[PDB]
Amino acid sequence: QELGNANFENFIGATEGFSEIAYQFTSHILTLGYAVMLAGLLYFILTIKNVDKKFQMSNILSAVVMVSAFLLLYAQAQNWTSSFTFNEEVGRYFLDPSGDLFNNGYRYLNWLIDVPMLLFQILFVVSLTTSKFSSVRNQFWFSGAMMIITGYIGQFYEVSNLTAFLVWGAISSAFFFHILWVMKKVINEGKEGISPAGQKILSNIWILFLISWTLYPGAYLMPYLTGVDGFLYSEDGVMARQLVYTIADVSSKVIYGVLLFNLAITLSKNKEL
C-alpha cells in the first residue's frame, strides 16, 4: 500500500486502524469545532451594534473568520468520517481510500483567510502610536502568507520525508516569530492612552494570542513530540492533533474575537461593561 506524501493519520489508519474511542472522538471534536464557529458567527453579527461605529468592522471581520472556519471544519468533519470505515472482523476503523486520504492541508489554505483577518482586525480597535498602520498590516499579511504556505508544503512530507517536514517547518517558524514580534508591538501601542480596563484586556489578548497560535506548530509536530515510535505516533496522537487544532481554533478565533469585542465596548463612548 503506497500512500505517498500523506498525513500520518492515514498510516495509522491503514496499519493499526482506529478504536471506537479514537475514531468517534476525532469525529466529535471536529463537530464541536464547526458548531462553535457557526454559533460564533451568530454572536458576532448579533452584537455588532453594541459598540461604536468605528469598532464594528472588527465584529464584521470576526464574522468573516467564523464563516471560513465553519465551512472548513464542517468539510473536514465529513472528510474524517469518509476516510475511515469500520472493519467488522477486528472492530476497528481502517483507511477507506474510496473516501480520499485524510489531509490537514485543508486547514492551512483556509488560514490564508483566517490569519490575515485576525491580525488585521485588532487594528480597528486599538490605535497605533509609533507604528504605521499600513506597515503593520503589510508585515502581518506577508509573513502570514509565507508562514502558511511553507507549513503547507511541509506537512505533505510529515511521513514521507522528515527532513523536508522539519526544514519547511523551521522556515515557517521564522515568519511566525516575526508575526509574534509585530503583534506584541501592536498590543503595547494599543495600551497607550486607554483605560486600565482596556489595558487588562489587551494583556489577556496577548497571552491568548501567544498560547493559541503556538498550538498550531504544536499540532504540526504532534506525531513526533514523543520521538520515533513514541506514544503519540499512534491513534492517541491522531486524537491529540485534532484536539489541539480545535482548542487553538476556538481560542484564536472565537475567544480572541470576544476579547476584542469587550475591548471595543470599554473604548466605546456610549457603552459600559
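Heads up: residue numbers just count along the shown sequence, starting at 1.
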Checklist entry - Out of 223-231 and 41-49, which one has CA B-factors that are higher on average in the deposited record? => result 223-231
Checklist outcome for this item: Higher of the two mean Cα B-factors (7-15, 261-269; per PDB record) comes from 261-269
Next on the checklist: Checking the record values for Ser160, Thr81, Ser203, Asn103, which has the greatest CA B factor?
Outcome noted: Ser203
Next on the checklist: Out of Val136, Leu71, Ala77, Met147, whose C-alpha atom has the biggest B factor in the entry?
Outcome noted: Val136
Checklist outcome for this item: Binned into thirds over the chain's modelled residues, the C-alpha B-factor of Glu88 lands in the highest
Checklist entry - By its CA B factor, does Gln56 count among the lowest, middle or highest third of the modelled residues in the chain? => result middle
Checklist entry - Which third, lowest, middle or highest, does the CA B-factor of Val36 fall in along this chain? => result lowest
Checklist outcome for this item: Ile255: CA B-factor among chain residues, third -> highest
Next on the checklist: Could you place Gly151 in the lowest, middle or highest third of its chain by Cα temperature factor, using the values in the record?
Outcome noted: middle
